[PDB]
């Protein structure tokens, strides 16, 4: 994993998706699910992106954005919760501007997300083969580079149940080279130039 992986998912979030969802709900609270969050780079990247949007658009989001980040419980999810990273992890995909604006040095070779970035993310233990019903409803779901490991039938079952967590017209973000197969009545492919997102029908 790395920070702001592929660049354009987070630009699309700020430029395209957020203004559309805010216009419909009157700026009320939005919820984002970061599925298989690994060591936390993706959910914290989402948190920084929302912070950047909120600062440039005073004040379109009236209630903020909740990020729910999930993975299997253990030491990897535990470190994500701690929000600390070593130098090697911090040099992959993070501009120097974001490093100084959003992280605190500890600590020789240790950096931690700033409290405003940390507070948007709640980490929960969740197996993707289990039920998603405890997670609630989401305006956006990020499920990137995890579906690749499963069989075609299990991948379809996960995508179908992800659809049950999305509000209608919400968006699913997959990995850059991941296709969404055999659910033509559940997801609409949307071109972002660059990038592809999938609207929940």
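Numbering follows the first chain given and starts at 1.
On average the C-alpha atoms of 20-28 have higher B-factors than those of the other stretch, with 20-28 and 187-195 being the two compared. Taking the PDB entry as given, 131-139 carries the higher mean Cα B factor of the two stretches 158-166 and 131-139. Comparing the C-alpha B-factors of 176, 68, 49, 58 in the entry, the top value falls on 58. Listed residues 44, 53, 149, 171 were ranked by CA B-factor as deposited; 149 comes out on top.
In this PDB entry, the Cα temperature factor of residue 87 sits in the bottom third of its chain's modelled residues, the lowest group. Sorting the modelled residues of the chain by their CA temperature factor places residue 81 in the lowest third.
In this PDB entry, the Cα temperature factor of residue 72 sits in the top third of its chain's modelled residues, the highest group. In this PDB entry, residue 105 carries a Cα temperature factor that places it within the highest third of its chain's modelled residues.
Sort the chain's modelled residues by C-alpha temperature factor and residue 113 lands in the lowest third, per the entry.
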